[PDB]
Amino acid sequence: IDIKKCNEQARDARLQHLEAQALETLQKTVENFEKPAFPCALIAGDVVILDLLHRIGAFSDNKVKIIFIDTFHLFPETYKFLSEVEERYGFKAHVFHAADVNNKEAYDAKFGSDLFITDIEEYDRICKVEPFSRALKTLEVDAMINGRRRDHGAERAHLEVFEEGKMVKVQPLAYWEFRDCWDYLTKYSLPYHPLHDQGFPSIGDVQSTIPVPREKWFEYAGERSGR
């Protein structure tokens, strides 16, 4: 008995299950909702969800829209990668940002470049929360596909593949561990956000993204433990 091989075969069958579960969930979503959308930050599970949507043909007729929130404080690498996935999968993201401000220089002029330090709650409202809420209303989203997973822990620990509400939320990767997301990216040789190679399991704004030791990434709730 080759122990390593037997363990690999079990994880192979695990990932086939998890892929089927995600795909079935996404197919049910496209069939049952008129205006589904996915807010995408280009982190590892988000890249998995892009690839799964591509697989079921969700981009061919713009059935599923991709939402991208430009906070004006993302890594340069994140904008470059967004362009690459747009080209790879044939969609253009619907970009939302701080209200009435076209770019970071305009944002700095209106609000001050150091708002994130002096009042983080105002910064969050202006650059993250209001644009996301406006994106969902503008696009009349009736099902929000998202990368929340149970292995995020705390208030996400008991999510299922669907969550009830006036707007339905859809978690195709509810049961995937972070490690399963990475096995998928490896199995299909998919490009991922380059900052994952520089020790960041999760990637957000430059001022608030911190690296995490690699031995911690695959513990329960490890992905977002930087913050």
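In case it trips you up, residue 1 is the first one in the sequence shown, and so on.
Peer 1: Taking the recorded C-alpha temperature factors, which stretch has the higher mean, 46 to 54 or 31 to 39?
Peer 2: Per the deposited B-factors, the answer is 31 to 39.
Peer 1: Using only the Cα atoms and their B-factors as the entry lists them, report which of 111 to 119 and 91 to 99 averages higher.
Peer 2: The stretch with the larger mean CA B-factor is 111 to 119.
Peer 1: In terms of CA temperature factor as recorded, identify the highest of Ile126, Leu82, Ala154, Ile145.
Peer 2: Going by the entry's C-alpha B-factors, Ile126 comes out highest.
Peer 1: Which one of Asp180, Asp197, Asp61, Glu160 shows the top CA temperature factor in the record?
Peer 2: In the PDB entry, the greatest C-alpha B-factor among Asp180, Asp197, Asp61, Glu160 is found at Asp61.
Peer 1: Check where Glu223 lands among this chain's C-alpha B-factors and tell me if it's the lowest, middle or highest third.
Peer 2: For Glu223, the deposited C-alpha B-factor lands in the lowest third.
Peer 1: Determine, from the deposited record, the chain-internal third of the Cα B-factor for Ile210: lowest, middle or highest.
Peer 2: For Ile210, the deposited C-alpha B-factor lands in the middle third.
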